[PDB]
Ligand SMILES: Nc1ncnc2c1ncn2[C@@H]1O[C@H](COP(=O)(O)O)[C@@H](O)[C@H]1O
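Heads up, the chain below is alone and in the form solved without this ligand; it's given as structure tokens.
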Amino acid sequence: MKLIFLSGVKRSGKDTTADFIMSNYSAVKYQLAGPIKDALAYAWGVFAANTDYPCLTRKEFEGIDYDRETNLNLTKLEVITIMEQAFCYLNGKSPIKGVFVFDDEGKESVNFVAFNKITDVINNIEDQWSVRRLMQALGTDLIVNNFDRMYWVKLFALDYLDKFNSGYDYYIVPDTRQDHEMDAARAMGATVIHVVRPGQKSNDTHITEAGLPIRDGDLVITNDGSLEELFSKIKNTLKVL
């Protein structure tokens, strides 16, 4: 099995490459933001449970026929509540440093110190709450930035360890968005492929929308033409590995 980490801003051709690889090769995929979306879909169902709030499922957090930039018109209190349920969920997958979950009859809550950092972080976010902003907030604003910078790489490692030994040719991580994820990837001997559209940018200022640095050893596919030109570049890049 060959481990590949893909890197590319929105609409750079990176998502196209990911799909080209998944449909033309024996590949298994793992999304770093996978568990972010599972935790939010779970928290949401706990939050919108017996409310008149719309039912958002994993598919919607996946963006399947749902615009994740849609304003959900939520209050900072609602958002804090959701983040606390998302944390209780994640803590059952892998312990978040400094977080404890307590039960009061099917009512899960985090410890005060953790609940207090959630509150402070959320209270200072003035953006409107979309599925997209909730992903950015859970992933980065809270966890990476305040509890465990390597949590999402840790969950990828547990998955990889379950699968490195199977019959797939490739193991792809298509959504690398933080430099430290790239650092872990290079350390583990992953091939890092950047898909770049000559002089283009991310229309989101969140750190997870920023273009990742190209370091020595990284491969770069310049998407400066047609689609088959891209498909050819992909084929010849992989043929080499």
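Rigid core (definition): largest C-alpha set, two forms, superposition within 1.5 Å. In this text, residue numbers run from 1 along the sequence as written.
According to the PDB record, 212-220 carries the higher mean C-alpha B-factor of the two stretches 34-42 and 212-220. 111-119 and 145-153 differ in mean CA B-factor, and the higher of the two is recorded for 111-119. Residue-level inspection of the entry shows that, of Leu56, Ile193, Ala27, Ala187, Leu56 has the top Cα B-factor. Among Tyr168, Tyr160, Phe87, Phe100, the highest C-alpha B-factor recorded in the PDB entry belongs to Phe100. When the modelled residues of the chain are ordered by C-alpha B-factor, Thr17 sits in the lowest third. Annotation for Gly92: CA B-factor lies in the middle third of the chain's modelled residues.
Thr176 sits in the middle third of its chain by CA B factor, as recorded in the PDB entry. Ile207: CA B factor lies in the middle third for its chain, per the PDB record. Remark: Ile4 belongs to the middle third of its chain, ranked by C-alpha B-factor as recorded.
The form deposited with this ligand bound is left out here; the points below concern that form.
Although the partner is absent from this view, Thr16 contacts this ligand in the deposited bound form, with a non-hydrogen atom inside 4.5 angstroms. At the 4.5 Å threshold, heavy atoms of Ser23 stay clear of this ligand in the deposited bound form, well away from it. Not displayed here, this ligand is kept clear of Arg215 by more than 4.5 Å at the level of heavy atoms in the deposited bound form.
In the deposited bound form, this ligand stays beyond 4.5 Å of every heavy atom belonging to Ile221. The Cα shift for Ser226 between the shown form and the other one, taken after rigid core superposition, is 2 angstroms or larger.
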